[PDB]
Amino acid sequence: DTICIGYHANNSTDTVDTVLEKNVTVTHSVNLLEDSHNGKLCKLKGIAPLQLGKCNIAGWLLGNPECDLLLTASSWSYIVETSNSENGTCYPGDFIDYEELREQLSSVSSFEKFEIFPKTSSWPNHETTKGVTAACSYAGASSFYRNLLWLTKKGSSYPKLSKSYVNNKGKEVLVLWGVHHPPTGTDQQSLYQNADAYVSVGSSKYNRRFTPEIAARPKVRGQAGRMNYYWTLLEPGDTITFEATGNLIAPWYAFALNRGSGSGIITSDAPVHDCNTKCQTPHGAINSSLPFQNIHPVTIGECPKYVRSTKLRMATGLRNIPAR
């Protein structure tokens, strides 16, 4: 008559690592590393992401002709740019503080686009038509941004213009505009009619006076002239005043912003699908309660901590010895 003390065993082929010994088959173990995603860009809290397609942030906000699909956009859970998002600034020039603007949009969940300076009403003594360029062509014909208005001289006359907007929206208003810099004095006169002009912008915290820098430069998209793009966040109750004797690319449409946290801009060629998740990555969505993942550093929502590890298996059972 005997009694023996012994331990459990099974057919488990799971292996863990120790400091003294690698590949130690054990009876039980949990994987702490999530490496399985969705291959799809999903909604977040019911709200779908905003695909910019071939357009980038600049194109979407300025109103680049190739981005007319986004004119409808108003709310999103995050912002997606692709590898083919190159339609932004069609007329060559510098978008001042562009990187900071993107950063601002990263904490914007939605907005109400509105006609800040109505193209037909706001410019009696100036010429609102005829403000197009071959570098912003659409349907094979010259066009321009949908949110900006390129003002020009009305019959060899460009009187000083003055136009103010008061923010009665209860939110920040994002106001974009542009200043144009022709290649020759000949062009300056034929566009504005004043040889020496200026644009001035002033709010409660903004104040500048732009003067056209007329020079000859390498043609970009057929254009030897340059056009610089500016923006500002107009606070509730604040006023923004525009004055110009030429070279003003006027604000036509503006955006009343709504702030929210957890939003961001990612780059992804993954397809958007009618799907929902609490953790999104550029590779795809993640459904997991694990502490770690090796899918992607870029994350939106609630996600496992990213890590370079290929394997993170923590043993729970004992060394497995079937000894058959």
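Numbering starts at 1 and follows the sequence shown.
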query = Out of 234-242 and 69-77, which one has CA B-factors that are higher on average in the deposited record?
reply = 69-77
ask   = Out of 22-30 and 56-64, which stretch has the higher average CA B-factor listed in the record?
value = 22-30
ask   = At the C-alpha atoms, which of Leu50, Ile265, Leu290, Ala270 reaches the highest B-factor in this entry?
value = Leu290
query = Mind checking which third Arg102 falls in for C-alpha B-factor across the chain?
reply = lowest
message = Test of reading the entry: by CA B factor among the chain's modelled residues, which third contains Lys154?
response = highest
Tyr229 CA temperature factor, ranked by third within the chain = lowest
inquiry  = Considering every modelled residue of the chain and its Cα B-factor in the PDB entry, is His180 in the lowest, middle or highest third?
reply    = lowest
Relative C-alpha B-factor of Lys130, binned into the chain's lowest, middle or highest third = middle
